[PDB]
Amino acid sequence: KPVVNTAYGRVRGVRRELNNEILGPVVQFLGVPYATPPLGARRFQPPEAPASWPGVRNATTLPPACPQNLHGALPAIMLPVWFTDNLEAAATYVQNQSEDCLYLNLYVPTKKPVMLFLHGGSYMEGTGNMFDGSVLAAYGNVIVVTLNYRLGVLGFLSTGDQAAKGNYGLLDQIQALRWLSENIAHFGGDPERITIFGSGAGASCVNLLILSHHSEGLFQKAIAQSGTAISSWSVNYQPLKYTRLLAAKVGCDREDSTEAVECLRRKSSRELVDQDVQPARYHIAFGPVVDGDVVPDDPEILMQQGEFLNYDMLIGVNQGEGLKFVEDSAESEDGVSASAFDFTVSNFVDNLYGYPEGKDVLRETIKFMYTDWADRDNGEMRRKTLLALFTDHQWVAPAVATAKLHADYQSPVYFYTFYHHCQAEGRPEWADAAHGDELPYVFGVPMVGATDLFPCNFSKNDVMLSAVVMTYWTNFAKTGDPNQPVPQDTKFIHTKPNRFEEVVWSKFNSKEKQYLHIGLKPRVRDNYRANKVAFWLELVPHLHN
Amino acid sequence: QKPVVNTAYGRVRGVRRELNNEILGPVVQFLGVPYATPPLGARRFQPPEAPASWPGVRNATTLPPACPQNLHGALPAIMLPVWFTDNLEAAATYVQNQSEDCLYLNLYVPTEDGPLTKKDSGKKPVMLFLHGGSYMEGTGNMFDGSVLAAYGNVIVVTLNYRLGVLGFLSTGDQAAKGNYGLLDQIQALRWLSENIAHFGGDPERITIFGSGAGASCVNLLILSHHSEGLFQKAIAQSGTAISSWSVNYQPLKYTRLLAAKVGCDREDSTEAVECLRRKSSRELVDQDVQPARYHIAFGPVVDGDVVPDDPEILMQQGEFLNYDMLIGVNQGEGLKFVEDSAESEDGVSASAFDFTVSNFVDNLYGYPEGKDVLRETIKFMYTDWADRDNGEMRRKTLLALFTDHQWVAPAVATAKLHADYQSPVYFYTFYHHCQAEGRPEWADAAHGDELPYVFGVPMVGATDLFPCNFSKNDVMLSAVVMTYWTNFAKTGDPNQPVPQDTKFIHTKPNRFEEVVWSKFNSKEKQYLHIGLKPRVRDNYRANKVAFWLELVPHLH
Ligand SMILES: *[C@@H]1O[C@H](CO)[C@@H](O[C@@H]2O[C@H](CO)[C@@H](O[C@@H]3O[C@H](CO)[C@@H](O)[C@H](O)[C@@H]3O)[C@H](O)[C@H]2NC(C)=O)[C@H](O)[C@H]1NC(C)=O
C-alpha cells in the first residue's frame with residue numbers, strides 16, 4: 001500500500017496480485033481528486049484545481065458516480081448492447097453517487113505510457129468504476145486511467161448563449177487531463193505519451209477533444225472506438241429546446257435566461273437529473289454544444305479548417321453495431337417484410353432528414369441501395385441490410401469520413417473493423433459483433449473470468465483475441481503504431497497458430513484506404529463497405545437541392 | 001442438279017450446292033423467289049400484295065437485288081453491328097445492285113439429317129431471318145444460311161424487305177401510316193406459311209429470328225395484329241421493341257424534312273406523299289435526314305394497325321399471343337459507345353466521364369429538371385468505388401452503362417413480360433467473341449458478334465465480313481449455338497431432340513452437355529450463360545437492371 005507525491009499532497013494505493021501468471025502485480029489508486037467538488041456556485045461552471053490536503057489520502061476506495069438515473073429516460077439505441085442487456089448488473093456500479101464525483105482512478109503496474117479511458121454511452125449515464133483497468137495495465141505494461149465526469153442533465157446543460165455555455169462534462173475531462181499532464185510522472189509514467197481512448201459516446205469525446213483548442217500538449221495520441229464528432233447523436237444542436245423543458249419541469253422557467261440558471265443553482269441534483277426530458281429519435285437531450293469556446297464551431301467546419309494537432313489516431317467500427325435498430329425483429333422468423341422494410345427506412349429518412357424532393361427521392365433511392373435484388377424476397381437477409389443501413393449511416397460513414405480527414409493532414413491513422421464477439425445468450429444467431437462489444441477484448445476481460453456485465457462463456461479463442469487487440473492497442477499508446485514494439489505472439493497461453501503473427505497493420509491514408517479486419521481470420525483489406533460509404537459521403541449530399 | 005419445287009405461283013428451279021465441310025451435306029438453294037408484287041407504282045408507301053402467278057418455270061438460281069439504301073452516308077453507326085461498320089467496304093459489295101423491285105426471300109433447303117458419319121420424308125422447321133442494323137441498310141443476301149440448314153436440318157430462309165424512306169416513311173396520317181417493311185416481313189411470313197410445305201417445310205414450325213434492329217422486328221411482329229397464324233416462335237438476339245431506337249415517335253417530323261429536300265413538302269399530307277411517289281427510289285433514299293441521337297428518322301411507327309400501341313403498353317397489357325421465345329444480350333454490346341476516346345491507352349478521364357454521362361441523360365432524358373438528380377445518381381452507379389482511379393475501369397463501366405441501358409435492361413424487361421403472360425422464354429447471355437483483326441484487347445463480345453456463330457461461319461471458314469481466325473474452339477461453340485437454336489425451332493426448347501455433341505472435333509469434354517437450360521420466369525430470372533465456360537445463373541446484372549427498371553422511373 002504505497003504512498004506517492006502529487007503537487008497537492010500524497011495518496012495511498014493497493015497492490016493486488018492477479019491470479020494469472022502472465023499478469024503481474026498492480027497498484028490501484030482508486031478515487032483521487034482532480035477538481036474541487038462542483039457544488040452550489042461551482043455548478044454549471046468550468047472545473048479548477050482540487051483541494052490541497054495537508055496530510056495523506058486513503059485513495060484505496062472507489063469514488064462515487066455522477067448524478068444519473070438508469071431506470072427511465074432510456075436512450076436504448078445509443079448504449080453499448082452489454083449495458084441494456086444487463087441493466088440489472090449495470091445499476092450496481094452507480095448506487096453510491098453524489099454531486100461530488102470529479103474523481104480519477106489510476107491502475108499502475110510495478111517512463112510508462114498513460115491510457116485515459118473516457119467512459120459513457122449516451123453522455124448521460126456511466127462511470128469509470130465500471131471498467132476494471134487492472135488486466136489491461138498488467139498485460140500491456142501501461143498505466144490505465146478511468147475517470148468520472150459530470151453527466152448531461154448536470155454536466156451538459158446549456159442556454160442559447162452566456163448564462164450557461166455548456167460542455168461542463170467535457171471540461172471535467174480536460175481537467176482530468178491537466179492533472180495527468182502534471183502528476184502522472186510521479187506514478188512512474190511518461191506524461192508525453194498520454195493516449196485517450198473511448199467507445200460510443202466516449203469516442204465522440206475523444207474525437208471532440210482533438211478538435212478542441214482547450215487541450216494541446218495534454219495528450220498526443222487518440223483512440224476512437226465506434227464513435228465520432230460528426231455522428232447524428234454526437235453534439236447537441238438544440239440545447240435551448242431541451243433546457244427549457246428541464247427548467248419547465250422543476251419550476252426554474254424564467255423569461256430571463258441568466259435568472260433561470262441561477263434558479264437551477266438552487267434545486268437538488270437527485271431531483272434535477274430525474275426528469276424524463278427525452279430527445280427526438282437519434283439525437284441528444286443533453287450533451288456537447290457548439291459554444292464557440294471549448295468547441296469553437298461545428299465539428300465538421302472545424303475539421304476542414306484543420307487547426308488541430310496531428311495526433312496519432314486509431315479509429316474503428318464493429319460489423320453489426322446497429323443491432324438495436326432491428327430489435328422489434330426478434331420474434332419475426334420471416335425476418336422483416338417489405339411492408340416492415342419500407343416503413344422502417346421511411347421514418348429513418350423522416351427522423352434524420354425532412355426536405356422536398358429528397359423527402360420522396362432520398363427515401364426511394366436508399367431503399368434501392370439496401371435491397372439485395374439478387375435475392376429480394378428473403379426477410380432474414382433483409383433484416384441484415386436494415387441493420388447495416390443503420391450501422392453504415394451512424395458509425396461506418398462517419399468514421400471513414402473522419403479517418404480520411406485527419407489522414408489528409410498527415411495525422412497517422414490506423415483503421416480497424418471488429419468482426420468477432422462473444423455469444424452471450426439472449427442474442428440472435430446473426431448478431432455478429434454489436435455496438436460496444438469490442439470493450440471486453442480491449443479490457444482483457446476474457447482473461448480474468450466473466451465479469452458482472454459480460455457474463456458469457458469465453459472460449460480459448462476469445463482469450464487469444466483479447467490479448468491480440470491489447471498488444472495492438474497498448475503498442476499504439478507507446479509508438480502510435482499498433483504493430484510495434486511487441487510482435488503478435490500469443491503462444492504464451494496456447495502455442496496454436498497465433499493468427500495475427502505476420503500480418504502488418506498498414507496505415508490508413510486517403511487514396512488507398514487500408515484497414516485491419518479484426519476477427520477470427522484477420523486481414524488487411526483495401527476499401528471497407530466501399531460503395532455504401534461513398535453513397536452516404538458522395539451521392540446523398542446532392543439529393544437535397 | 002437443279003430441283004423444281006412447284007409453288008402456288010409457279011415452279012421454281014434452284015441450284016444444289018456442296019458445302020465446304022466433310023460432315024455437312026449438300027443444300028438445294030432457291031434464290032430470289034418473289035413474295036410480293038414489286039412495290040413500284042402507286043404501290044410505294046402501300047402494303048405489299050400477293051405476287052403475280054407466272055405460267056413458266058422460274059429461276060431461283062441467282063441472288064436478288066437489294067432494296068435501295070445508301071451505305072456511304074446515313075451513319076447510325078452506334079446501332080449498327082460492329083462487324084458491319086468495321087467492314088463497310090466488304091459489306092457494300094452485297095448491296096451493289098439495288099432496285100425498288102426487291103421483295104424476295106431466299107431458301108436454303110438441306111438434304112441430310114444434319115452432320116454425317118463419313119460413311120417417308122418429314123417436314124422441316126423453317127427459320128426466317130430478319131436482317132437489319134438500323135432499318136436503313138442490309139440485305140438477307142449477306143447471310144448464306146446453307147451451313148445452318150445443313151447442320152441443324154431446318155430450312156433457313158432469308159429475305160429483303162423495304163428499308164429506310166421507302167420502307168418506313170410515315171405521316172401519321174391516312175396518307176402514309178408507314179411500317180411497310182414490317183408488312184413485307186409479314187407478307188413473306190404469309191408466303192412461307194402457304195408454300196413452304198412444297199419445299200418440305202413444316203408451316204406449323206416457322207420461327208423468326210433477328211439480331212439488333214431485325215430482332216426489334218421479331219419483337220414487333222410478336223406484338224402486331226397482322227402476324228397471327230403465320231409463325232409461332234421468335235428468337236430475339238440483341239434487339240427489342242422498347243429500346244430508344246426500336247420505334248420512331250416522330251415520323252412526320254422526318255417525313256417533312258425529307259419531302260423538303262426533294263421539293264415535295266406540302267401542307268396537305270396526302271398531297272405531299274402522292275408527290276414523293278413521282279421521285280426515283282435513288283433520289284429518295286440517299287438524302288441525309290439524320291435522327292436525334294440514339295433514335296431513328298425512318299423506322300417502325302406506332303400506327304394502331306400493325307403496331308396497335310406503344311410496344312411497352314401492349315406488353316404490360318398482355319396484348320400479344322403466346323410465342324416461344326429466345327431472348328439474349330452480348331456481354332459488351334455498346335462497344336461503339338466508348339469509341340470517342342477508346343484507344344488512348346490510359347482509360348477515360350474522370351473529367352471526361354461525367355461529361356459523357358451528362359450527354360447521356362441529355363440525349364435520352366434531359367427535360368431536364370429531374371435531370372440533375374438522375375445524372376448524378378447514374379454516375380455513382382457506374383463508378384466503381386474500389387478504385388476511382390484507373391480509367392480502364394471507367395471505360396469498362398462507361399461501356400457497361402450503355403450496354404445496360406440500350407440492350408440488357410429492355411431485354412430483361414421484355415423477358416419478364418412475355419414470361420408473366422406465359423409464353424415460354426429462354427434467356428441467353430453471350431460472353432465470347434472471335435478476335436477480329438484490328439480491335440481492342442478489352443474487346444469483350446460487341447453488338448452483333450453472335451451472328452457468325454449462329455450461322456456456323458466457323459465451320460466453313462472465315463468470310464469477307466466475318467474475317468477472323470476461327471479456332472477449333474470457335475467451331476465447337478458455333479456447333480453448340482446452332483444445335484441450341486435449331487433444337488428450338490424444332491421443339492421450342494433448345495435442349496430438345498439432338499444432344500450436344502462436338503465429337504466431330506477432338507475430345508475436349510463438351511462443356512454444354514452438363515448444362516440444362518431452364519426457362520426464364522420473372523421471379524427467379526434463370527438464363528444460360530453462353531460462352532467458353534458455360535453455366536446456368538439467375539438474375540443477370542441484378543443491381544444495374546433493377547436500377548434502370550425500379551429506381552429510375554422513381555427518379556424523374
Ligand atoms: C433458267 O436456267 C436454265 C438452265 O438451268 C436456262 O435454260 C437453259 O438454256 C440453256 C441454253 O439455252 C441450256 O443449256 C444447254 O446447253 C448445252 C450445251 O450447249 C446444250 O447441249 C443443251 O441442249 C442445253 O441447251 C439449259 O439446259 C436450259 N435449261 C432448260 C430450261 O432446259 C434458262 O435460261 C433460265 N431461265 C431464264 C430466266 O431464262
# chains A, B, ... in the order shown; residues from 1 in each chain; ligands from 1
call {"tool": "residues_near_ligand", "arguments": {"ligand": "ligand 1", "cutoff": "8 Å", "atoms": "only C-alpha atoms and all ligand atoms", "output": "list in words"}}
result
residues 2, 13, 57, 58, 59 and 61 of chain B
call {"tool": "residues_around", "arguments": {"residues": "residue 164 (chain B)", "least_positions_apart": "4", "cutoff": "8 Å", "atoms": "only C-alpha atoms", "output": "JSON, numbers by chain"}}
result
{"B": [69, 135, 136, 137, 168, 169, 285, 298, 299]}
call {"tool": "interface_residues", "arguments": {"of": "chain A", "to": "chain B", "cutoff": "8 Å", "atoms": "only C-alpha atoms", "output": "list in words"}}
result
residues 361, 364, 365, 368, 372, 373, 374, 526, 527, 530, 531, 534, 535, 539, 542 and 543 of chain A
call {"tool": "write_last_selection", "arguments": {"atoms": "C-alpha atoms", "output": "compact mmCIF listing (two decimals), in the first residue's frame"}}
result
# COMPACT_ATOMS: atom_id res chain seq x y z
CA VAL A 361 -36.39 10.63 -53.73
CA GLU A 364 -36.72 5.63 -52.53
CA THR A 365 -33.09 5.74 -53.66
CA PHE A 368 -32.70 0.60 -53.68
CA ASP A 372 -30.12 -7.18 -52.46
CA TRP A 373 -32.02 -7.73 -55.79
CA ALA A 374 -30.08 -10.98 -56.38
CA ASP A 526 -8.46 -2.01 -49.09
CA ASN A 527 -11.92 -0.38 -49.02
CA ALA A 530 -16.72 0.83 -50.32
CA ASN A 531 -19.81 1.92 -52.23
CA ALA A 534 -19.45 6.60 -50.93
CA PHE A 535 -23.23 6.54 -51.11
CA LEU A 539 -24.05 10.93 -53.61
CA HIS A 542 -26.58 16.03 -53.92
CA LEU A 543 -30.00 14.53 -53.18
call {"tool": "residues_around", "arguments": {"residues": "region 464-470 of chain A", "least_positions_apart": "6", "cutoff": "7 Å", "atoms": "only C-alpha atoms", "output": "mmCIF file with C-alpha atoms, in the first residue's frame"}}
result
data_model
loop_
_atom_site.group_PDB
_atom_site.id
_atom_site.type_symbol
_atom_site.label_atom_id
_atom_site.label_comp_id
_atom_site.auth_asym_id
_atom_site.auth_seq_id
_atom_site.Cartn_x
_atom_site.Cartn_y
_atom_site.Cartn_z
ATOM 1 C CA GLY A 140 0.334 -4.152 -21.633
ATOM 2 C CA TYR A 441 -11.484 -7.562 -25.508
ATOM 3 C CA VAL A 442 -9.870 -4.109 -25.170
ATOM 4 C CA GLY A 444 -8.806 -8.094 -21.312
ATOM 5 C CA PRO A 446 -11.685 -12.883 -21.411
ATOM 6 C CA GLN A 488 1.887 -10.689 -32.336
ATOM 7 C CA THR A 490 0.036 -15.458 -28.373
#
call {"tool": "atom_distance", "arguments": {"atom1": "CA of residue 471 (chain B)", "atom2": "CA of residue 458 (chain B)"}}
result
7.8 Å
call {"tool": "residues_around", "arguments": {"residues": "region 269-271 of chain B", "least_positions_apart": "4", "cutoff": "7 Å", "atoms": "only C-alpha atoms", "output": "list in words"}}
result
residues 171, 175 and 275 of chain B
call {"tool": "write_last_selection", "arguments": {"atoms": "N, CA and C atoms", "output": "PDB file, in the first residue's frame"}}
result
ATOM      1  N   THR B 171     -46.564   9.500 -92.252  1.00  0.00           N
ATOM      2  CA  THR B 171     -47.050  10.841 -91.990  1.00  0.00           C
ATOM      3  C   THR B 171     -47.848  10.888 -90.702  1.00  0.00           C
ATOM      4  N   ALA B 175     -52.510   9.198 -95.226  1.00  0.00           N
ATOM      5  CA  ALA B 175     -51.591   9.435 -96.346  1.00  0.00           C
ATOM      6  C   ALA B 175     -50.441   8.420 -96.418  1.00  0.00           C
ATOM      7  N   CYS B 275     -46.838  13.177-103.918  1.00  0.00           N
ATOM      8  CA  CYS B 275     -45.743  13.846-104.604  1.00  0.00           C
ATOM      9  C   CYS B 275     -44.506  12.944-104.617  1.00  0.00           C
TER      10      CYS B 275
END
call {"tool": "residues_around", "arguments": {"residues": "residue 397 (chain A)", "least_positions_apart": "2", "cutoff": "10 Å", "atoms": "only C-alpha atoms", "output": "PDB file with C-alpha atoms, in the first residue's frame"}}
result
ATOM      1  CA  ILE A 230     -19.974  14.181 -36.941  1.00  0.00           C
ATOM      2  CA  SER A 231     -22.381  11.405 -35.969  1.00  0.00           C
ATOM      3  CA  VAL A 317     -16.152   0.253 -36.109  1.00  0.00           C
ATOM      4  CA  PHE A 390     -28.130   1.988 -39.651  1.00  0.00           C
ATOM      5  CA  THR A 391     -24.636   0.683 -38.923  1.00  0.00           C
ATOM      6  CA  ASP A 392     -23.349   2.227 -42.154  1.00  0.00           C
ATOM      7  CA  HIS A 393     -25.104   5.550 -41.558  1.00  0.00           C
ATOM      8  CA  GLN A 394     -24.351   6.066 -37.870  1.00  0.00           C
ATOM      9  CA  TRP A 395     -20.881   4.557 -37.410  1.00  0.00           C
ATOM     10  CA  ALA A 399     -15.663   7.051 -39.126  1.00  0.00           C
ATOM     11  CA  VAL A 400     -14.236   6.682 -42.647  1.00  0.00           C
ATOM     12  CA  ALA A 401     -15.099  10.355 -43.162  1.00  0.00           C
ATOM     13  CA  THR A 402     -13.096  11.178 -40.053  1.00  0.00           C
ATOM     14  CA  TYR A 528     -14.445  -1.055 -46.266  1.00  0.00           C
ATOM     15  CA  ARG A 529     -18.109  -1.128 -47.358  1.00  0.00           C
ATOM     16  CA  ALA A 530     -16.718   0.831 -50.324  1.00  0.00           C
ATOM     17  CA  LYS A 532     -22.252   2.070 -49.293  1.00  0.00           C
ATOM     18  CA  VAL A 533     -19.929   4.648 -47.696  1.00  0.00           C
ATOM     19  CA  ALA A 534     -19.451   6.599 -50.932  1.00  0.00           C
ATOM     20  CA  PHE A 535     -23.225   6.536 -51.113  1.00  0.00           C
ATOM     21  CA  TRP A 536     -23.639   8.418 -47.849  1.00  0.00           C
ATOM     22  CA  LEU A 537     -20.499  10.513 -48.364  1.00  0.00           C
TER      23      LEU A 537
END
call {"tool": "closest_residue", "arguments": {"among": "A:129, A:28, A:475, A:6", "to": "residue 186 (chain A)", "atoms": "only C-alpha atoms"}}
result
A:6
call {"tool": "closest_residue", "arguments": {"among": "A:476, A:338, A:158, A:424", "to": "residue 315 (chain A)", "atoms": "only C-alpha atoms"}}
result
A:476
call {"tool": "closest_residue", "arguments": {"among": "A:248, A:108, A:101, A:294", "to": "residue 185 (chain A)", "atoms": "only C-alpha atoms"}}
result
A:108
call {"tool": "residues_around", "arguments": {"residues": "region 288-292 of chain A", "least_positions_apart": "4", "cutoff": "7 Å", "atoms": "only C-alpha atoms", "output": "short mmCIF file (atom, residue, chain, number, x, y, z; two decimals) with N, CA, C and O atoms, in the first residue's frame"}}
result
data_model
loop_
_atom_site.label_atom_id
_atom_site.label_comp_id
_atom_site.auth_asym_id
_atom_site.auth_seq_id
_atom_site.Cartn_x
_atom_site.Cartn_y
_atom_site.Cartn_z
N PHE A 156 -23.91 18.91 -18.96
CA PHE A 156 -24.01 19.37 -20.35
C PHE A 156 -25.19 20.30 -20.63
O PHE A 156 -25.53 20.54 -21.79
N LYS A 165 -22.89 28.24 -20.76
CA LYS A 165 -22.18 27.98 -22.03
C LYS A 165 -22.23 26.50 -22.41
O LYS A 165 -22.24 26.15 -23.60
N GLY A 166 -22.27 25.65 -21.39
CA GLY A 166 -22.39 24.21 -21.57
C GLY A 166 -21.06 23.49 -21.54
O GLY A 166 -20.03 24.06 -21.19
N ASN A 167 -21.11 22.21 -21.89
CA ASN A 167 -19.93 21.35 -22.04
C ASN A 167 -19.06 21.27 -20.80
O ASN A 167 -17.83 21.18 -20.89
N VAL A 235 -23.17 15.84 -31.12
CA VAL A 235 -23.22 17.12 -30.42
C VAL A 235 -24.64 17.70 -30.42
O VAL A 235 -25.35 17.57 -31.41
N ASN A 236 -25.04 18.31 -29.30
CA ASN A 236 -26.38 18.87 -29.12
C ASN A 236 -26.58 20.24 -29.80
O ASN A 236 -26.14 21.27 -29.29
N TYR A 237 -27.28 20.23 -30.93
CA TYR A 237 -27.54 21.44 -31.71
C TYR A 237 -28.83 22.13 -31.28
O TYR A 237 -29.17 23.20 -31.80
N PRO A 296 -15.06 25.42 -30.74
CA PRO A 296 -15.10 26.72 -31.45
C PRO A 296 -16.18 26.88 -32.52
O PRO A 296 -16.68 27.99 -32.73
N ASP A 297 -16.52 25.78 -33.19
CA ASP A 297 -17.52 25.77 -34.26
C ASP A 297 -18.12 24.36 -34.41
O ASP A 297 -17.85 23.48 -33.58
N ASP A 298 -18.94 24.16 -35.44
CA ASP A 298 -19.44 22.83 -35.80
C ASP A 298 -18.25 21.93 -36.13
O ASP A 298 -17.40 22.31 -36.94
#
call {"tool": "residues_around", "arguments": {"residues": "region 4-10 of chain B", "least_positions_apart": "4", "cutoff": "8 Å", "atoms": "only C-alpha atoms", "output": "list in words"}}
result
residues 14, 51, 52, 53, 54, 55, 56, 57, 58, 194, 195, 198 and 199 of chain B
call {"tool": "closest_atom_pairs", "arguments": {"of": "region 492-541 of chain B", "to": "region 211-234 of chain B", "cutoff": "12 Å", "atoms": "only C-alpha atoms", "output": "JSON lines"}}
result
{"residue": "B:492", "atom": "CA", "partner": "B:233", "partner_atom": "CA", "distance": 7.1}
{"residue": "B:493", "atom": "CA", "partner": "B:233", "partner_atom": "CA", "distance": 10.4}
{"residue": "B:494", "atom": "CA", "partner": "B:233", "partner_atom": "CA", "distance": 11.9}
call {"tool": "write_last_selection", "arguments": {"atoms": "N, CA and C atoms", "output": "PDB file, in the first residue's frame"}}
result
ATOM      1  N   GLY B 492     -39.220 -25.754 -79.507  1.00  0.00           N
ATOM      2  CA  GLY B 492     -39.448 -24.614 -78.626  1.00  0.00           C
ATOM      3  C   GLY B 492     -38.694 -24.703 -77.311  1.00  0.00           C
ATOM      4  N   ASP B 493     -37.634 -25.510 -77.298  1.00  0.00           N
ATOM      5  CA  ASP B 493     -36.893 -25.821 -76.085  1.00  0.00           C
ATOM      6  C   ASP B 493     -35.483 -26.254 -76.470  1.00  0.00           C
ATOM      7  N   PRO B 494     -34.511 -25.333 -76.376  1.00  0.00           N
ATOM      8  CA  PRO B 494     -33.205 -25.528 -77.026  1.00  0.00           C
ATOM      9  C   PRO B 494     -32.464 -26.855 -76.704  1.00  0.00           C
TER      10      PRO B 494
END
call {"tool": "atom_distance", "arguments": {"atom1": "CA of residue 480 (chain A)", "atom2": "CA of residue 302 (chain A)"}}
result
23.4 Å
call {"tool": "select_by_dssp", "arguments": {"residues": "region 107-205 of chain A", "states": "strand (DSSP E or B)", "output": "VMD selection string"}}
result
chain A and resid 107 to 109 112 to 118 143 to 145 147 189 to 199
call {"tool": "write_last_selection", "arguments": {"atoms": "N, CA, C and O atoms", "output": "JSON list (two decimals), in the first residue's frame"}}
result
[["chain", "number", "residue", "atom", "x", "y", "z"],
["A", 107, "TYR", "N", -4.57, 2.89, -12.53],
["A", 107, "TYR", "CA", -4.16, 1.49, -12.48],
["A", 107, "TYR", "C", -2.70, 1.40, -12.95],
["A", 107, "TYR", "O", -2.42, 1.48, -14.15],
["A", 108, "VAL", "N", -1.79, 1.26, -11.99],
["A", 108, "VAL", "CA", -0.35, 1.31, -12.25],
["A", 108, "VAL", "C", 0.29, -0.07, -12.05],
["A", 108, "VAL", "O", 0.03, -0.72, -11.04],
["A", 109, "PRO", "N", 1.10, -0.52, -13.02],
["A", 109, "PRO", "CA", 1.89, -1.75, -12.90],
["A", 109, "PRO", "C", 3.32, -1.53, -12.37],
["A", 109, "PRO", "O", 3.97, -0.55, -12.75],
["A", 112, "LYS", "N", 6.60, 4.89, -18.18],
["A", 112, "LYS", "CA", 5.49, 4.14, -18.80],
["A", 112, "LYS", "C", 4.48, 5.02, -19.55],
["A", 112, "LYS", "O", 4.43, 6.23, -19.32],
["A", 113, "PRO", "N", 3.67, 4.42, -20.46],
["A", 113, "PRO", "CA", 2.62, 5.20, -21.13],
["A", 113, "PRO", "C", 1.34, 5.33, -20.29],
["A", 113, "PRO", "O", 1.15, 4.57, -19.33],
["A", 114, "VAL", "N", 0.49, 6.29, -20.65],
["A", 114, "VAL", "CA", -0.75, 6.52, -19.92],
["A", 114, "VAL", "C", -1.94, 6.41, -20.87],
["A", 114, "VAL", "O", -1.96, 7.01, -21.94],
["A", 115, "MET", "N", -2.94, 5.63, -20.47],
["A", 115, "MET", "CA", -4.15, 5.49, -21.26],
["A", 115, "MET", "C", -5.38, 5.93, -20.49],
["A", 115, "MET", "O", -5.88, 5.20, -19.62],
["A", 116, "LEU", "N", -5.85, 7.13, -20.80],
["A", 116, "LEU", "CA", -7.03, 7.70, -20.17],
["A", 116, "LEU", "C", -8.27, 7.20, -20.91],
["A", 116, "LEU", "O", -8.44, 7.48, -22.10],
["A", 117, "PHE", "N", -9.10, 6.44, -20.21],
["A", 117, "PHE", "CA", -10.33, 5.91, -20.78],
["A", 117, "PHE", "C", -11.53, 6.80, -20.48],
["A", 117, "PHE", "O", -11.90, 6.99, -19.33],
["A", 118, "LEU", "N", -12.14, 7.34, -21.53],
["A", 118, "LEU", "CA", -13.35, 8.13, -21.38],
["A", 118, "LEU", "C", -14.58, 7.25, -21.58],
["A", 118, "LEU", "O", -14.87, 6.81, -22.70],
["A", 143, "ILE", "N", 0.04, 2.40, -17.81],
["A", 143, "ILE", "CA", -0.84, 2.94, -16.78],
["A", 143, "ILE", "C", -2.23, 3.23, -17.36],
["A", 143, "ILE", "O", -2.38, 4.09, -18.24],
["A", 144, "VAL", "N", -3.24, 2.50, -16.88],
["A", 144, "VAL", "CA", -4.63, 2.69, -17.32],
["A", 144, "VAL", "C", -5.36, 3.62, -16.34],
["A", 144, "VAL", "O", -5.28, 3.42, -15.13],
["A", 145, "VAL", "N", -6.04, 4.63, -16.88],
["A", 145, "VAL", "CA", -6.72, 5.63, -16.06],
["A", 145, "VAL", "C", -8.19, 5.79, -16.43],
["A", 145, "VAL", "O", -8.51, 6.33, -17.49],
["A", 147, "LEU", "N", -12.01, 7.44, -15.22],
["A", 147, "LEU", "CA", -12.39, 8.71, -14.59],
["A", 147, "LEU", "C", -13.90, 8.83, -14.33],
["A", 147, "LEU", "O", -14.67, 7.92, -14.60],
["A", 189, "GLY", "N", 5.20, 7.10, -14.95],
["A", 189, "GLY", "CA", 4.78, 7.15, -16.34],
["A", 189, "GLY", "C", 5.08, 8.46, -17.05],
["A", 189, "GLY", "O", 4.89, 9.54, -16.49],
["A", 190, "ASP", "N", 5.53, 8.35, -18.30],
["A", 190, "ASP", "CA", 5.82, 9.50, -19.16],
["A", 190, "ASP", "C", 4.56, 10.28, -19.52],
["A", 190, "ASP", "O", 3.64, 9.73, -20.12],
["A", 191, "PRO", "N", 4.51, 11.58, -19.16],
["A", 191, "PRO", "CA", 3.36, 12.45, -19.45],
["A", 191, "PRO", "C", 3.38, 12.97, -20.88],
["A", 191, "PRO", "O", 2.51, 13.76, -21.27],
["A", 192, "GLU", "N", 4.36, 12.54, -21.66],
["A", 192, "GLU", "CA", 4.48, 12.90, -23.07],
["A", 192, "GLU", "C", 4.01, 11.76, -23.97],
["A", 192, "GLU", "O", 4.31, 11.74, -25.17],
["A", 193, "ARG", "N", 3.27, 10.82, -23.39],
["A", 193, "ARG", "CA", 2.70, 9.71, -24.14],
["A", 193, "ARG", "C", 1.34, 9.28, -23.56],
["A", 193, "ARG", "O", 1.02, 8.09, -23.49],
["A", 194, "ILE", "N", 0.55, 10.27, -23.15],
["A", 194, "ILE", "CA", -0.82, 10.04, -22.71],
["A", 194, "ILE", "C", -1.74, 9.87, -23.93],
["A", 194, "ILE", "O", -1.76, 10.72, -24.83],
["A", 195, "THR", "N", -2.46, 8.75, -23.95],
["A", 195, "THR", "CA", -3.40, 8.40, -25.02],
["A", 195, "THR", "C", -4.81, 8.35, -24.44],
["A", 195, "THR", "O", -5.03, 7.73, -23.39],
["A", 196, "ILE", "N", -5.76, 9.00, -25.11],
["A", 196, "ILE", "CA", -7.16, 8.98, -24.66],
["A", 196, "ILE", "C", -8.01, 8.05, -25.52],
["A", 196, "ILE", "O", -8.09, 8.23, -26.74],
["A", 197, "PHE", "N", -8.62, 7.04, -24.90],
["A", 197, "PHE", "CA", -9.39, 6.06, -25.67],
["A", 197, "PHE", "C", -10.82, 5.86, -25.17],
["A", 197, "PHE", "O", -11.05, 5.72, -23.96],
["A", 198, "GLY", "N", -11.77, 5.86, -26.10],
["A", 198, "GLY", "CA", -13.19, 5.73, -25.75],
["A", 198, "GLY", "C", -14.06, 5.06, -26.81],
["A", 198, "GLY", "O", -13.68, 4.96, -27.98],
["A", 199, "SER", "N", -15.24, 4.62, -26.38],
["A", 199, "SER", "CA", -16.19, 3.93, -27.24],
["A", 199, "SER", "C", -17.58, 4.56, -27.13],
["A", 199, "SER", "O", -17.97, 5.05, -26.07]]
call {"tool": "atom_distance", "arguments": {"atom1": "CA of residue 46 (chain B)", "atom2": "CA of residue 66 (chain B)"}}
result
18.6 Å
call {"tool": "closest_residue", "arguments": {"among": "A:461, A:234, A:483, A:86", "to": "residue 123 (chain A)", "atoms": "only C-alpha atoms"}}
result
A:234
call {"tool": "select_by_dssp", "arguments": {"residues": "region 336-387 of chain A", "states": "helix (DSSP H, G or I)", "output": "number ranges by chain"}}
result
A: 338-352, 358-369, 380-387
